[PDB]
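Okay, structure first, notes after.
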Ligand SMILES: CNC(=O)c1c(-c2ccc(F)cc2)oc2cc(N(c3ccc(B(O)O)cc3)S(C)(=O)=O)c(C3CC3)cc12
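Numbering (UniProt numbering), first residue to last: 2420 to 2568, 2573 to 2959, 2971 to 2982.
What follows is the structure in structure tokens.
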């Protein structure tokens, strides 16, 4: 079974595409080496098509079926509800792609009679027809990166707006509640970053002689087979469901999730999909369940002892009891052989690690700093190259997703988010008097509208109060940041400290919520520190989900 078949019609853009970093009067203050930053476009879509197109063979053994049966037993305890049209409508992002049938996301959100009527007709059709493949649009994503001695565009596959609202009706409650019940503490999207870090540290310490590894499947969405998507459905069907929900889920599975025709932005047939669609409601939950199933079975095949898995989408980490360096290495090759039999070979082979900090997953690693009292605090960080490249782009261009804001929220304890992103963007917001303006950003795939003035409260909840007083960062973390700054031609950390003092003073001058940002976000910038006191579920990547 080929992941895709192609007609030769091109994957076309829906608008003008920029590959070159836009420059304005603020650009050079952040980043001087402009030619290092680029955006992917549909021009590289052909390259990605080649990468994502391959045959999938699957060999399923008793370990696989044993794990599945256990997963189904837990799924059978879940009771999920149907969302009303209105509930589903309110989960639709304001800027979500408009329907081909004469309405858009704002119409959906307002419960306009044209939108609601069409949605009712799509629902009725799902109930009555379980065979006809549902159309999807295929597009090239425009994403910004730094060059490394260029990545081709990622592809997004999604159905019409009316269908997307129907998916929410049938499955939003399922994808929100089932993964945690089936996978327990292994379901990664249940955690805030602070909770995630705590869970990783505690898990590592729970082993007598800990060993851990990341496993990254090559082109995971393309590795997902018809079997995998039917197995996912069978898990969902274990739930206590409304009869209408059961029918819609079956219909969606047969008609959309298993596969279907691919249409470009110009309406031309591009080919056919027999793998995971990247832009459906079930992408995150389906990938997580499938990765967990295959990985759990593979742990058993490799006889890994006292495994604790952490899984979110296609990202996987296993922490377990070491049997010794030589035996661990052998056991990972067996793990990999099993995963490969299940259709999920790795991009690069997994490596056993005997220090938590040497494991990288979702581009991130655990590092250590110290709070106000000198106590060790663990936090998740990453290489700041991509965040800074996207910050540079967003300095010069308004974009639908404000990666900078998401990065500040999710990487708030990091030296680079605090010193560079907070300083740079608060300066911009001050200049435009836009501190109070809500902005769109992404947390675990779901879209959120967030006012920058609420960052202190948000950071405290996701990371704890220590996120505003961390110091004595590791030499390795400091060196990675500094090295990234030289690479991109970003001013050194000393310059950012100086700018932050100014930004802080400006925020304090404003009083109110602005002053609170000054006090908490920039306490690191001042010599004599002000005493800081407390301030008064699931993943949905590609799921077209919104919250305010
Ligand atoms: C299975 N892997 C893991 O659980 C994660 C490890 C990891 C685990 C073990 C280990 F040893 C090292 C890292 O670190 C993580 C960090 C995050 N975070 C984000 C990562 C990437 C993006 B982005 O490029 O879209 C956004 C958030 S976060 C909020 O904590 O900083 C996540 C989030 C998606 C859920 C998972 C893991």
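Where a beta carbon is used, it is the ideal one built from N, C-alpha and C, also for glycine.
- With the rule of 3 Cβ pairs closer than 8 Å, the region 2740-2760 does not count as touching the region 2498-2514.
- No residue range can be given for residue 2945, since it is assigned to no beta strand (DSSP E) and is classified by DSSP as neither H nor E.
- Partner residues in the beta bridge of residue 2732, as assigned by DSSP, are 2741.
- DSSP, read as helix, strand or coil, puts residue 2662 in coil.
- Here residue 2635 is not near residue 2853, since their CB atoms are 8 Å or more apart.
- Among the bridge pairs identified by DSSP, residue 2790 is matched with 2802.
- Here residue 2557 is near residue 2580, since their CB atoms are less than 8 Å apart.
- Between ligand 1 and residue 2784, a heavy atom-to-CB distance of less than 7 Å is present.
- Under the DSSP assignment, residue 2529 falls outside any beta strand (DSSP E); it carries neither an H nor an E label.
- Counting C-beta atoms within 10 angstroms of its own C-beta, residue 2687 has 16 or more neighbours from the protein chains shown and is therefore classed as buried.
- Around the Cβ of residue 2434, a 10 Å sphere holds fewer than 16 other Cβ atoms; the residue is exposed.
- The beta carbons of residue 2736 and residue 2766 sit no closer together than 8 Å.
- By DSSP's assignment, residue 2894 forms a beta bridge with 2793.
- Assignment of beta-bridge partners to residue 2674 by DSSP yields no partner.
- Contact between residue 2602 and residue 2711 holds: CB atoms are separated by about 6 Å, below the 8 Å threshold.
- In this chain, residue 2577 is not harboured by any beta strand (DSSP E), its DSSP state being neither H nor E.
- Secondary structure of residue 2433 (DSSP, three-state): coil.
- Shown here, residue 2694 sits in a strand according to DSSP, grouped into three states.
- With a cutoff of 8 Å on beta-carbon distance, residue 2655 and residue 2672 are scored as not near each other.
- When the five nearest sequence neighbours on each side are left out, the beta carbons in the same chain lying within less than 6 Å of the beta carbon of residue 2464 are those of 2430, 2559, 2576, in order along the chain.
- Membership of residue 2424 in any alpha helix (DSSP H) is not indicated; the residue belongs instead to the beta strand (DSSP E) covering 2423-2425.
- Taking a C-beta distance under 8 Å as the contact criterion, residue 2856 and residue 2876 do not qualify as a contact pair.
- 2605 is the residue among 2605, 2565, 2474, 2744 whose C-alpha sits nearest the C-alpha of residue 2489.
- With respect to the 8 Å criterion, residue 2662 and residue 2499 are classified as neighbours on the basis of their beta carbons.
- Excluding sequence positions up to five before and after residue 2924, its CB lies within less than 6 Å of the CB of 2948, all in the same chain and listed in chain order.
- In the DSSP assignment, residue 2926 falls within the alpha helix (DSSP H) that extends over 2916-2933.
- For the options 2563, 2824, 2633, the alpha carbon positioned closest to that of residue 2748 is the one of 2633.
- Judged by pairs of C-beta atoms under 8 Å, the region 2839-2851 does not touch the region 2614-2628, as fewer than three such pairs exist.
- The beta carbon of residue 2926 lies closer than 6 Å to those of 2846, 2849, 2850 in the same chain, with the five residues before and after it left out.
- For residue 2834, the Cβ falls inside the 7 Å cut-off from some heavy atom of ligand 1.
- Pairing residue 2595 with residue 2503, the inter-Cα distance amounts to about 11 Å.
- Residue 2713 sits away from residue 2420, with the two beta carbons spaced by 8 Å or more.
- Between residue 2591 and residue 2679, the beta carbon gap of about 13 Å keeps them out of contact (Cβ cut-off 8 Å).
- In terms of Cα proximity to residue 2617, the closest of 2888, 2911, 2913, 2930 is 2888.
- DSSP places residue 2636 in the uninterrupted beta strand (DSSP E) bounded by 2633-2639.
- Counting along the chain, residue 2567 sits inside no alpha helix (DSSP H), nor does DSSP assign it H or E at all.
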